[PDB]
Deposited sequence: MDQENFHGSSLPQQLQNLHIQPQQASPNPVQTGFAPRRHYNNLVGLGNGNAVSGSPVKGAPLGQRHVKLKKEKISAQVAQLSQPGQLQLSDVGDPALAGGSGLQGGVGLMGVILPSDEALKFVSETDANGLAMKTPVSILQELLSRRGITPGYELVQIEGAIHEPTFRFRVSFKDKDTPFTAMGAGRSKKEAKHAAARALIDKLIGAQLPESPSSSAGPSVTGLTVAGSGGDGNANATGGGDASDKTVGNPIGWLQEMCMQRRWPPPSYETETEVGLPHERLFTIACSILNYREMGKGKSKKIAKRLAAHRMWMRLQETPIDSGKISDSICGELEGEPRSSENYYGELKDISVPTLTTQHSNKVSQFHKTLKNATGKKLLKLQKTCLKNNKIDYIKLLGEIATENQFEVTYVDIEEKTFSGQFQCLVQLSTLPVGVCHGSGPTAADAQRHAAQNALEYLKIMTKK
């Protein structure tokens, strides 16, 4: 059935001849889809006539010839609209292949986008482009505060270092100054796997007294403060301040 139904009518009537009378009898000049209605005749003086209808003239003649032989026996933009809604570029389609016979070359149009690729095969390029675009269509329609948490993290980090010394600091009264705070801070820094670094400043203030800033690796890193008439009194004061700092961080 590679030949036209109009040519099928011509071949099945070439046994005697007969020029057929093809007239379009009727037309729906419709609002969105005008349709055509051809009417096929056969001789005008003795003793056949059929209807045919379709959207195009060629398909109308096809339906008319098919009816006479049996008696003898608008999308496309909508998928682009949806890819606009899903915020995509306009699709690009390319031609893949044909058949070496130029009267029966089934064109294949290759529609590739940034997401998927599909093929469209047809006897003409318009039906191939529809088939590729529709395959795109249902393929795309098948698949259309915290710093306080850091502070509490540091709190459970220092609670994880559960040495006796910190709860000893928490429980008893710490008015006593006779304890040597240097070994205390060394043991506490070893307890939470941290380290203490003293920076006694060679620069002096306006009272002539000595001072120091002492650094411990917190999360994020921190320092404490101290001063005294001597540098030894300065590091003792900063040591005591850091010890009571660790005591009150563990105090909860």
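Against the full deposited sequence, the model leaves out several stretches, namely 1 to 131, 179, 206 to 249, 321 to 357.
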